[PDB]
Amino acid sequence: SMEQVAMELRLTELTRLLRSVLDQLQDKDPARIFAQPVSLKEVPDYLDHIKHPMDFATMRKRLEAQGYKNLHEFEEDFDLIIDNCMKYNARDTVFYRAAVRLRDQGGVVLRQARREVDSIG
């Protein structure tokens with residue numbers, strides 16, 4: 001139908017905007033600490049601690065399949081990256097500290113993303 005096409009164009013445009021959001025958030029991780037899944041070869045107990053791992057490569061795969069229906073779903077995954085790290089790693093670690101900085105700097109980007117999503121519809 002024409003409605004299904006219009007809905008698909010809306011999803012495509014959300015995907016475009018989320019891709020720009022993702023790039024901007026990933027720039028706030030210049031050490032690439034969150035770029036890839038935590039390796040289960042190198043951290044064999046990880047899944048005992050963290051039940052829903054996440055990382056920027058995994059979000060990008062989802063994004064490119066148009067698998068985010070709305071900004072809330074995308075933000076859920078970003079928050080998993082931060083929150084998983086802040087539980088697994090102690091406060092005094094470069095990993096924890098990177099997640100705090102990513103959260104703080106990402107807030108600004110996400111605040112405007114929400115306005116754009118609402119504004120453009």
Side-chain angles (χ1 to χ4, degrees), residues 1-2 4-6 8 11-15 17-40 42-60 62-68 70-110 112-119 121:
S1 70
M2 204 40 241
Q4 286 299 314
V5 169
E8 294 161 358
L11 176 58
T12 297
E13 284 304 306
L14 180 61
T15 305
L17 179 160
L18 298 179
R19 193 178 302 109
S20 170
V21 174
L22 185 60
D23 287 346
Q24 285 176 69
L25 295 171
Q26 187 156 23
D27 287 338
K28 308 313 178 158
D29 175 30
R32 300 193 68 89
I33 289 165
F34 305 105
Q36 295 289 332
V38 170
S39 169
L40 307 174
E42 303 168 358
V43 189
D45 74 357
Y46 190 63
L47 299 184
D48 294 343
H49 292 268
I50 296 303
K51 298 296 175 185
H52 297 99
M54 191 46 53
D55 62 278
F56 290 127
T58 302
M59 291 186 64
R60 196 170 294 278
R62 183 166 166 191
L63 178 67
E64 292 312 332
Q66 302 186 348
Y68 295 114
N70 55 56
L71 181 56
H72 181 72
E73 288 189 345
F74 176 96
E75 292 177 324
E76 285 200 326
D77 272 353
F78 178 66
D79 285 334
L80 279 177
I81 293 177
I82 299 314
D83 291 341
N84 288 345
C85 183
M86 292 172 73
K87 292 168 186 76
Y88 191 80
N89 303 106
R91 239 165 355 263
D92 74 335
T93 62
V94 62
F95 306 108
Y96 185 113
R97 292 166 171 280
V100 167
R101 291 164 64 82
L102 177 62
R103 188 198 60 190
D104 285 351
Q105 298 194 275
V108 182
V109 174
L110 290 168
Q112 202 50 41
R114 163 52 63 204
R115 290 190 67 85
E116 287 178 353
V117 168
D118 290 357
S119 188

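Quick note: residue numbers are just sequence positions, from 1.
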Determine the minimum heavy-atom distance between [X] and [Y], stating which atoms define it.
X: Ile33; Y: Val94; result: CD1-O, 4.3 Å
X: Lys87; Y: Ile50; result: CB-CD1, 4.5 Å
X: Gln66; Y: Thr15; result: CG-OG1, 3.6 Å
X: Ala35; Y: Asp55; result: O-OD2, 3.5 Å
X: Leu25; Y: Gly106; result: CD2-CA, 3.4 Å
X: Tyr68; Y: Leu14; result: O-CD2, 3.6 Å

Show which side-chain atoms of residues 95-104 pair as donor or acceptor with protein atoms under 3.5 Å away, not counting sequence neighbours.
from  : atom 1 : to    : atom 2 : distance (Å)
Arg97 : NE     : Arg91 : O      : 3.4

At what distance, to the nearest 0.5 angstrom, does [atom1] of [X] lie from [atom2] of [Y]?
X: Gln26; Y: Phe34; atom1: CD; atom2: CZ; result: 11.0 Å
X: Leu71; Y: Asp118; atom1: CG; atom2: CG; result: 8.5 Å
X: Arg19; Y: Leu63; atom1: CZ; atom2: CG; result: 5.5 Å
X: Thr58; Y: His52; atom1: OG1; atom2: NE2; result: 13.5 Å

Pairing residues for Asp79 by the side chain to side chain contact (heavy atoms under 4.5 Å, CB included) criterion, not counting sequence neighbours: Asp83
Taking only residues two or more places apart in sequence, or in another chain, which ones meet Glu76 in a side chain to side chain contact (heavy atoms under 4.5 Å, CB included)? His72
Mark yes or no for whether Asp45, through its side chain, and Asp48, through its backbone, hold a donor-acceptor pair below 3.5 Å. no
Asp23: side-chain hydrogen bond (donor to acceptor under 3.5 Å, both in side chains) partners, not counting sequence neighbours: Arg60
According to salt bridge (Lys or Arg N to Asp or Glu O under 4.0 Å), who are the partners of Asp77, at least two apart in sequence or on a separate chain? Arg62
Under 30°, 30 to 60°, or over 60°: which ring-plane class applies to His49 and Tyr88, parallel, tilted or perpendicular? perpendicular
Evaluate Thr12 against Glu8 for side-chain hydrogen bond (donor to acceptor under 3.5 Å, both in side chains), listing each step before the verdict. CA-CA 6 Å; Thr12 297; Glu8 294 161 358; over 6 Å; no
May I ask you to test the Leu110-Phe78 pair for a side-chain heavy-atom distance under 4.5 Å? yes
